[PDB]
Student: 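Provided herewith is a single structure, encoded as structure tokens, for subsequent inquiry.
Numbering of ligands and ligand atoms starts at 1, following listing order. Chain letters run A, B, ... following the sequence lines, proteins first and then strands; every chain starts at 1. Atom set for the values below is all heavy atoms of this structure, side chains included, hydrogens, waters and symmetry mates excluded.
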Amino acid sequence: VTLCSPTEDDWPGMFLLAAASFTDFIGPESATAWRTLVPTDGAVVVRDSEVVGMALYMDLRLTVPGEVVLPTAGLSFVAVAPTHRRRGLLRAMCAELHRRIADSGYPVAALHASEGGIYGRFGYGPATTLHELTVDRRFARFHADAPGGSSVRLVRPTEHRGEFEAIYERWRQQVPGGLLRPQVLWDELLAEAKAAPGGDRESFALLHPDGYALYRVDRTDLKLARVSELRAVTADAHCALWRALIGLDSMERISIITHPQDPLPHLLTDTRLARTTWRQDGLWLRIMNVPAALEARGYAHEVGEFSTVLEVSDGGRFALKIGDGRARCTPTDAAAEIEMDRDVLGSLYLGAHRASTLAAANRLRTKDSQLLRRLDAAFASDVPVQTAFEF
Amino acid sequence: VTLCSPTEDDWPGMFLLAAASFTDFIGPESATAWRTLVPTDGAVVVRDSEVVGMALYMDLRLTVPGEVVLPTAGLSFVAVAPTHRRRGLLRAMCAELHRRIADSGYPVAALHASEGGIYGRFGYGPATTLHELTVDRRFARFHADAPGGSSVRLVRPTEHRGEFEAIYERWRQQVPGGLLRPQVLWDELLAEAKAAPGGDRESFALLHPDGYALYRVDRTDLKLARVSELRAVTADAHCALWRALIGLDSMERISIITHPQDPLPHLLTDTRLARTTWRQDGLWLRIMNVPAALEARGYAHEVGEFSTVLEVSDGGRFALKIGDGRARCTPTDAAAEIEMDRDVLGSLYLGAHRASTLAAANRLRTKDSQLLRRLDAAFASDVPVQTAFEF
Amino acid sequence: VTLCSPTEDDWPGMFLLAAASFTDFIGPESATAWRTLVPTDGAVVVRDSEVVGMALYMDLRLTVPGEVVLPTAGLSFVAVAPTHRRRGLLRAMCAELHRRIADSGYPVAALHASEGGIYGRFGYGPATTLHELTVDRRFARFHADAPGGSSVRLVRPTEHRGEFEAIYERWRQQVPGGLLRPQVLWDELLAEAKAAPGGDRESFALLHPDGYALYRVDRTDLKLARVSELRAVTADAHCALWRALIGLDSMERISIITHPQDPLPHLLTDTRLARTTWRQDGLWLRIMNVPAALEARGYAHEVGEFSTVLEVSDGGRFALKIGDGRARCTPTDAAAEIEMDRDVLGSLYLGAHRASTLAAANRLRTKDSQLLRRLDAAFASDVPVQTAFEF
Amino acid sequence: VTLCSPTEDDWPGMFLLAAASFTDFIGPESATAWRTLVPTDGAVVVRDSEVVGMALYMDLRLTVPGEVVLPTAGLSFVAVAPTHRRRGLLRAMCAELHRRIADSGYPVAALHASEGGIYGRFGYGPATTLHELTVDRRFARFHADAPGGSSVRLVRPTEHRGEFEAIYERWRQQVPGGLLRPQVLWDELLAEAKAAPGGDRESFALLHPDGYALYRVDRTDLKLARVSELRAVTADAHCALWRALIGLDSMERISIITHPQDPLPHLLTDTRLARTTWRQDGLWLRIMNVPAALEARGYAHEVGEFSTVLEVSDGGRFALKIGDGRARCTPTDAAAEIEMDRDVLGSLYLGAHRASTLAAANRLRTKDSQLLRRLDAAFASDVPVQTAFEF
Amino acid sequence: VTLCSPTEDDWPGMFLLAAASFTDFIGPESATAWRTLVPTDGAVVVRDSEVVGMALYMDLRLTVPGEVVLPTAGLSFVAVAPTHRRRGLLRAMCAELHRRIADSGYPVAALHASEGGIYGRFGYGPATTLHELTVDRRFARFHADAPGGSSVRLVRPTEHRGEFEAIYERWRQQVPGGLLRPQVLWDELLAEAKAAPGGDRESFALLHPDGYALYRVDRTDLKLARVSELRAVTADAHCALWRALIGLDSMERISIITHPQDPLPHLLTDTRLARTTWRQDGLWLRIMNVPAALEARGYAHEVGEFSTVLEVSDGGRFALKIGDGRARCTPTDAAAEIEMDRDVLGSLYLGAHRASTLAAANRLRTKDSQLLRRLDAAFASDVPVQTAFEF
Ligand SMILES: N=C(N)N/N=C/c1ccc(Cl)cc1
Ligand SMILES: N=C(N)N/N=C/c1ccc(Cl)cc1
Ligand SMILES: N=C(N)N/N=C/c1ccc(Cl)cc1
Ligand SMILES: N=C(N)N/N=C/c1ccc(Cl)cc1
Ligand SMILES: N=C(N)N/N=C/c1ccc(Cl)cc1
């Protein structure tokens with residue numbers, strides 16, 4: 001077996017492995033569109049003749065707390081042939097891509113995990129949380145304080161692409177976890193909005209000046225509407241879109257994959273009607289360069305200036321000073337006051353997990369509880385961390 | 001219909017209404033034990049001859065952030081006869097008890113809600129969050145950093161009451177949401193630990209010096225262990241108890257009703273194995289006296305001294321100054337900078353809900369986003385808010 | 001918002017609202033075929049630019065007891081945008097169409113209800129009952145008295161359209177609830193008989209000289225045959241068709257949506273094998289002109305001549321004389337002996353509901369129990385009321 | 001009604017009856033391919049004008065113990081119209097085909113039964129056993145003794161037809177129950193390997209020099225892989241293919257329809273992981289000529305030479321001498337020592353059922369238990385009996 | 001931790017561990033009855049004070065092919081505390097008991113496995129197969145050849161103990177897998193025949209001179225009868241009991257845990273009605289003394305005298321000569337012709353698994369296929385191997 005960047009001849013072998021590895025495999029036409037986001041030298045294959053392993057990264061733009069946009073390597077299309085398990089192919093492919101990603105100057109890498117047990121050992125920590133809410137809309141009544149209660153319009157998605165793009169572009173710059181969505185991914189999204197024979201039903205859009213929702217009736221449960229995407233840049237837009245969705249009088253239930261701080265439950269007289277039916281890790285982060293990443297993000301202005309020494313396991317030791325919402329992170333050989341594996345740092349980085357929660361599991365070690373409270377407060381995000389789209 | 005404090009003659013009528021209203025009705029013997037927590041004048045009934053409505057409160061001790069214990073009126077045993085719906089009996093009973101509770105000098109009242117849509121209009125806000133985790137323990141592997149890995153012992157609950165009481169007493173003083181558990185409730189708890197013919201199976205305990213877990217196999221799902229209660233006063237105890245529970249090799253799944261900040265997922269190599277299968281409002285709070293409650297709790301030392309004017313709808317207007325983890329809350333007629341209904345204040349009070357989340361739903365109105373960030377940070381609890389026991 | 005008859009430009013907006021409102025939306029091609037049954041001025045839309053509401057009626061021919069055929073306005077394609085709920089659009093559209101229907105000279109209007117709680121307040125009463133029977137055909141044995149036991153032929157529906165049309169035309173003239181089925185609806189029916197990729201399986205027909213049955217295997221339950229339509233003009237045809245359906249030896253169960261008086265159960269040695277698995281209101285009637293409707297239908301010859309005074313709430317007061325199977329219904333200011341809302345009259349009109357049953361619910365008020373027995377007997381239909389097809 | 005060989009004009013009527021009788025009806029194009037295996041005079045129809053009944057046989061080659069290949073008449077496409085049940089059409093069609101099959105010189109006939117209760121009375125006995133194994137591959141660990149542990153390759157079925165054909169041809173000559181698979185059935189098999197809109201997903205192949213496996217993800221259960229076919233000519237190939245299938249890391253379960261003696265369970269440390277989820281009769285045999293069939297197959301060399309008298313009910317009486325793995329079977333009027341119906345002989349013939357098991361049900365009568373042990377041992381197959389493909 | 005034989009003081013600790021380890025724990029009274037089958041020094045415990053591990057064996061009598069009864073050590077009541085997993089307690093307890101069992105002169109040990117993956121590494125091989133048949137008795141029709149068709153009587157189990165004991169005693173001496181059932185186990189069995197509040201329903205018996213069946217209606221499925229035990233010493237008794245069970249006209253289905261060679265399916269016109277709904281390893285055997293065990297059992301008289309050299313991994317090497325249904329097994333240092341682990345020998349020993357099946361998984365290695373056929377034939381049992389009762 002040998003690991004190398006793939007030639008044009010390798011791509012049919014990669015699509016076969018893809019088709020056999022991913023049940024949601026988007027097919028060669030869609031794969032060729034996503035491929036435009038893969039830089040030169042962004043892919044590796046392992047051949048035995050035939051492709052027995054592959055992995056690549058895409059050039060992405062990730063919003064982190066403080067409305068800072070980082071260049072991000074988005075790992076994807078990772079597969080090992082069922083014939084070549086337990087031969088260290090994944091470890092070999094991840095090592096080679098991480099080397100290329102670091103040499104290319106990316107401060108962070110990111111992925112969506114097919115399983116929860118794989119990516120921790122390669123330095124990836126879960127950094128966003130997916131939260132499915134299911135609303136029994138037959139009982140849903142909006143609170144007297146709820147904004148609104150004719151600003152929203154029912155429209156065909158393909159006829160209002162420009163308006164969706166503009167709303168999304170405002171949303172992603174404003175929200176930690178936001179990703180730039182390139183033209184090819186808008187092409188792919190609005191192609192999925194069409195009904196398929198023996199497949200998904202037709203998608204409809206609810207369009208507001210400052211938000212949109214894309215939804216479709218479930219294939220088999222004809223009383224369930226699934227919201228594929230709701231992007232709202234104001235509270236008024238968010239409420240107005242939910243009033244319109246609760247107006248889907250032929251539906252019994254409306255489902256959406258959102259974030260833990262979604263205010264929908266508080267818009268209703270009965271907060272319990274917005275049931276949490278599913279929770280899962282969303283985006284995973286590997287901090288490639290600790291000082292670059294720590295200095296790039298904004299921090300909470302509320303916590304007072306403090307200094308400490310952070311040691312990342314096989315990742316370096318730093319004098320970390322945080323004050324006025326900014327961090328300075330410099331090399332030191334001074335005694336560490338905080339230790340953690342690289343994956344734990346990825347989990348803290350966007351504000352989704354509390355340092356004190358990770359400390360309680362001993363994933364993060366300090367002998368100073370005041371330092372723990374200060375890390376918690378400083379790494380907290382004012383804007384709740386959200387998940388943009390799966391890649 | 002007339003509302004009055006119940007005579008000894010009313011109690012058989014109250015037990016009949018109880019039996020018809022609560023499917024989990026604990027029966028007259030248990031009810032008579034709980035009754036010892038109801039003060040003189042703690043109960044109201046509405047008669048038509050027969051009891052058509054009832055409500056009472058118990059004297060409770062609630063731990064709030066800063067390890068401060070408040071006297072708390074715990075509303076319970078609230079029922080209206082199916083024959084007397086929509087005659088304002090609940091509104092009449094809640095008004096009379098709230099008057100008695102306020103005149104008695106309780107700064108807060110609390111309850112567990114049978115439905116989510118009832119108690120908001122009487123000034124109760126959900127203040128704790130129940131989070132059910134289900135672990136597929138056949139795949140569960142503890143992380144290398146996980147504490148431990150013979151400190152825990154498998155024991156009969158009834159033989160180690162004193163040790164459970166001592167651990168719980170340490171736990172409840174330390175944790176916001178903690179309740180003092182009186183002797184009668186320990187009597188009731190250890191009586192539920194026995195197997196019942198056609199009922200629950202036998203309960204077992206896992207006992208550590210600094211924690212315990214009570215669990216039983218599910219009646220019908222014989223591969224499910226349900227943890228009724230896990231109290232751990234150290235991280236070492238929490239991990240050691242979970243190592244023992246993952247050691248229940250005849251079980252496929254272990255379930256527990258915990259809090260959102262439970263560190264269990266981070267103790268495992270695969271965080272996804274600890275699945276969130278259910279979420280619900282736990283304890284509801286009504287702030288009876290805004291200045292007494294706001295001044296009693298501790299606040300985050302991290303946020304800098306700040307002053308504002310809080311107006312509670314039909315609850316008064318206050319100059320609120322927070323600094324050095326303490327609040328001063330005094331009458332003012334100065335212009336309000338923050339407005340909210342009383343229920344919203346109950347929801348912020350223990351740190352379970354963010355002011356900025358409630359603002360996004362317009363349940364909390366200010367024109368200052370800096371003030372919002374300061375409220376969020378100040379009302380945050382360093383110790384995660386937990387739910388003690390249902391009443 | 002404005003209500004007006006739709007221009008050709010409005011129809012794409014109407015199809016979008018249709019697609020978003022009706023999960024069974026037949027698509028623009030089918031909708032354009034049904035549209036040929038909508039008279040000039042038969043449709044209304046409410047615009048905000050975009051279509052936020054619509055409703056129309058079709059010209060139909062309804063058979064009522066006595067084999068009398070009434071011109072009937074069939075309301076259909078009624079939708080309000082999820083963005084424009086609770087603004088009285090439905091009430092405004094129903095008022096305008098009812099005005100047009102009454103001015104056009106229709107004695108009755110009719111509809112199929114998407115929900116049971118909407119149409120009562122606009123004067124529509126449920127007038128037919130759908131009764132689903134499921135037969136476990138593996139145990140089905142025909143009684144010795146059962147007619148028959150090679151008159152039926154298994155055929156391709158598209159090759160015997162003329163024979164189906166002729167049988168249906170005889171059936172609909174003979175049966176209360178019968179509707180004339182125009183050529184476009186035969187086009188649509190025999191187009192649904194074809195298998196669809198990821199859709200329904202192929203339909204087969206059982207053809208007798210005096211009856212037919214159309215059936216198909218269920219998409220997902222491959223041991224269930226669903227009879228979409230069985231029309232039999234003689235008892236011999238009905239039995240012969242059921243012998244052939246019980247002969248579907250690869251099926252475990254045969255299902256059909258029929259009427260409560262279907263004799264199938266009595267054709268078998270075990271009447272219990274024909275299980276009632278579902279019941280629902282079928283056709284709803286609004287009597288537009290009380291005297292025209294009451295005088296048009298035939299009445300039971302068995303009841304002796306009787307006279308009374310019927311008052312319809314906001315519908316007039318009439319001297320009603322019934323004798324020799326005919327009614328005379330004339331204006332009066334004499335004291336009412338019977339009162340009911342207009343919807344109740346629609347429910348009595350085809351013989352599906354007993355006056356004494358509606359009296360027991362106080363939907364129909366009289367102080368004379370003899371009058372009640374006479375109404376029951378007179379309004380009864382000798383031919384059981386059936387449902388023709390959904391519109 | 002009349003029974004006759006079908007003209008070219010009869011075939012559209014036969015396809016209509018097929019479509020109405022077989023939910024898995026392969027359609028006219030596929031039926032026309034299978035039709036190439038039906039000899040002249042291989043089919044009968046019963047007409048009333050229209051086709052109310054049909055049955056045919058195909059020319060097949062069946063491997064029986066001793067690696068002997070018999071010409072075999074494969075009955076198929078048997079249907080009676082639901083309109084013509086209980087008129088003896090099946091009995092009339094089976095009698096006519098059996099006459100033709102016997103006159104043509106076939107020693108055995110065979111079929112796959114749509115139900116278990118039909119074919120016994122026409123002399124067919126179930127002769128192979130289908131055994132579905134479902135493996136929870138997440139727990140599957142191969143035993144230290146298991147062969148292997150990169151010989152298998154993941155490939156597209158349509159690109160390796162020649163290799164599949166060659167492996168199958170070696171397999172079918174070696175295994176009792178093996179059938180020659182003609183070119184048209186390879187055409188049909190590799191056409192089913194393609195994904196269908198609203199139908200089955202894409203098939204993949206695992207290819208070894210001495211075995212192959214064809215599998216696809218289940219349409220609705222996306223964590224289930226179904227192996228449609230695994231053919232292995234060596235133990236090494238069988239183990240290597242199962243290592244590759246257990247490597248389908250995105251699947252929770254792998255299912256296969258195999259035979260009772262499949263060694264898969266013994267390849268794993270936990271034999272229980274290979275769960276038997278389904279069992280059913282596979283191939284049914286009717287021995288057309290008792291002496292020809294008994295003399296054609298090989299017998300166990302282990303049992304010593306023995307002689308007996310076998311009487312088949314309405315099938316003749318024979319002096320049966322078995323020695324050195326060969327039988328001689330000659331006419332006799334000597335007293336019978338063994339009696340059985342013809343169907344019982346079909347059940348013994350390939351070694352799937354023990355004579356002593358059928359004796360215990362009195363399907364096989366002797367007064368000599370030594371004779372029973374000798375029949376059991378002699379009729380046993382060294383190579384386990386398997387099922388080739390459904391027809 | 002220390003391993004030692006338990007004192008009377010240890011038994012409450014053992015019952016606590018039992019209650020926490022076995023959901024079907026029979027309780028202290030039943031455990032005390034089973035305890036009478038445990039010899040002096042038959043039990044081991046591991047203490048830390050408290051019991052963290054236990055294992056014992058009972059003195060049993062096992063019937064093996066040739067109607068030979070072996071003294072057998074029945075391992076049971078094996079548990080490790082959930083607090084003491086992965087400390088080698090099981091390995092330590094099994095080593096100590098195996099030493100005692102071997103020194104005591106038992107030629108074999110046996111157990112029922114709670115999981116399939118544990119006992120192979122301690123030399124236990126699965127030796128019997130449990131086969132659940134479920135009959136849809138509404139379609140069940142007995143074949144014309146079926147024996148019988150008033151010999152069976154419906155009776156109360158507790159009134160016919162003597163008759164059950166006598167039938168069972170005849171059965172167990174005759175059948176490989178048979179166990180002597182001592183008086184205490186008859187006490188326990190007929191105590192389980194009584195209905196329990198919130199537990200199993202009442203058991204009934206069907207009694208024949210040469211067989212009995214004990215059955216009860218399922219707790220929750222009231223159309224399912226479960227046969228707990230059917231013992232028949234003649235084919236006539238077996239058929240007569242099944243005629244009576246198919247006569248349970250209020251039941252839809254009859255279920256029984258039987259063996260793979262149960263003739264029930266062949267008693268019916270439709271063999272498919274007896275569905276295999278479950279299969280699992282029953283009794284596991286560890287051959288403690290290879291020569292004693294191999295020489296004790298009878299072998300098939302059909303296979304000719306043959307000699308070979310068997311090597312058991314860490315179990316010795318033997319010259320094995322089999323002829324006239326007897327084996328001689330003597331020490332040798334001659335080259336091995338057959339090798340296998342000890343567990344594989346346990347799996348062959350009662351005739352449930354074929355040597356050629358285990359060879360195909362490479363659990364059994366030889367370079368002689370003739371030797372394999374001879375082992376298969378010789379180790380085969382004329383009487384099908386059955387499972388007596390769980391211990
Ligand atoms: N569609 C997704 N959820 N991820 N797809 C990512 C992808 C990236 C690169 C290639 Cl070449 C193909 C696919
Ligand atoms: N057992 C509970 N979950 N709540 N029970 C509270 C209660 C309080 C007072 C009386 Cl008199 C009876 C019951
Ligand atoms: N197919 C139905 N069940 N009802 N469809 C009625 C309809 C009537 C008019 C138009 Cl323009 C479109 C559809
Ligand atoms: N595809 C099958 N499982 N059996 N199909 C057999 C067949 C045989 C002859 C004709 Cl003409 C059509 C079909
Ligand atoms: N009831 C069973 N299935 N096995 N029980 C075996 C047992 C053996 C010894 C003791 Cl001390 C307790 C129980």
Student: Heavy atoms only: which of C/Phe15, C/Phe389, C/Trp34, C/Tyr57 lies closest to atom 9 (C) of ligand 3?
Tutor: C/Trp34
Student: Just by distance, no angles: are the side chains of C/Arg100 and C/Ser5 close enough, under 3.5 Å, to form a donor-acceptor pair?
Tutor: yes
Student: Show which atoms of ligand 4 fall inside a sub-4.0 Å distance from at least one heavy-atom site of D/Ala31.
Tutor: 10 (C), 11 (Cl), 12 (C)
Student: Mind listing the closest non-hydrogen atom pair of C/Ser76 and C/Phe391 along with its distance?
Tutor: OG-O, 2.5 Å
Student: Does the distance from a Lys or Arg side-chain N to an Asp or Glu carboxylate O, for C/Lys194 and C/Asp200, drop under 4.0 Å?
Tutor: no
Student: Among all protein heavy atoms in this structure, tell me which lies nearest to atom 6 (C) of ligand 4, with the distance rounded to 0.1 Å.
Tutor: D/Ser76 OG, 3.2 Å
Student: Would you mind listing which atoms of ligand 4 come within a distance below 4.0 Å of any non-hydrogen atom of D/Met58?
Tutor: 8 (C)
Student: Would you indicate whether the side-chain heavy atoms of C/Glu192 and C/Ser203 approach each other to under 4.5 Å?
Tutor: no
Student: How far is atom 4 (N) of ligand 4 from its nearest protein heavy atom, and which residue and atom name does that atom have?
Tutor: D/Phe391 O, 3.0 Å
Student: Just to confirm my output: which protein heavy-atom neighbour is closest to atom 13 (C) of ligand 5, and how far is it?
Tutor: E/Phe77 CD1, 3.5 Å
Student: How close do C/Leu179 and C/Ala388 get, heavy atom to heavy atom, and via which atoms?
Tutor: N-CB, 3.5 Å
Student: Considering non-hydrogen atoms only, spot the tightest contact between C/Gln386 and C/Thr128 and give its length.
Tutor: O-CG2, 3.9 Å
Student: C/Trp11 near ligand 3, heavy-atom distance under 4.0 Å?
Tutor: yes
